[PDB]
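These notes concern the structure reproduced below.
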Amino acid sequence: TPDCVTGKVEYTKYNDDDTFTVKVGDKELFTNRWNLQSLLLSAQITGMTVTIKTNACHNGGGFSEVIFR
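What follows is the structure in structure tokens.
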């Protein structure tokens, strides 16, 4: 499938409101869809390594496809 990398949380530069620029999983970039904060939080809270993918996944990537963990 058109997936990409993982989604841990070692630095989430927030500024937009929820989008922010996440430096986690295996890369760092802007992220917008509808509420990725809950995914970055639930991830590190429960663990910290989801799955970031789709929408390029590089410099403004990862749109609506992420696996929690």
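Residue numbers (mature numbering (1 follows the signal peptide of the UniProt record, and there is no 0)): 1 to 69. Where is the CB? At the ideal position from N, CA and C, for every residue including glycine.
Rounded separation between residue i and residue j - CA only
i, j, result
"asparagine 59", "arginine 69", "23 Å"
"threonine 6", "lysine 53", "8 Å"
"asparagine 32", "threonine 46", "22 Å"
"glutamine 37", "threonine 1", "24 Å"
"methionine 48", "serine 64", "18 Å"
Distance CB(residue i)-CB(residue j) smaller than 8 Å
i, j, result
"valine 9", "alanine 56", "no"
"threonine 21", "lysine 13", "yes"
"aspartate 18", "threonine 51", "no"
Buried or exposed by the 16-neighbour rule on C-beta atoms within 10 Å, applied to residue i
i, result
"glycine 25", "buried"
"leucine 41", "exposed"
Whole-angstrom C-beta distance between residue j and residue i, which should lie under 8 Å
i, j, result
"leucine 29", "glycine 61", "5 Å"
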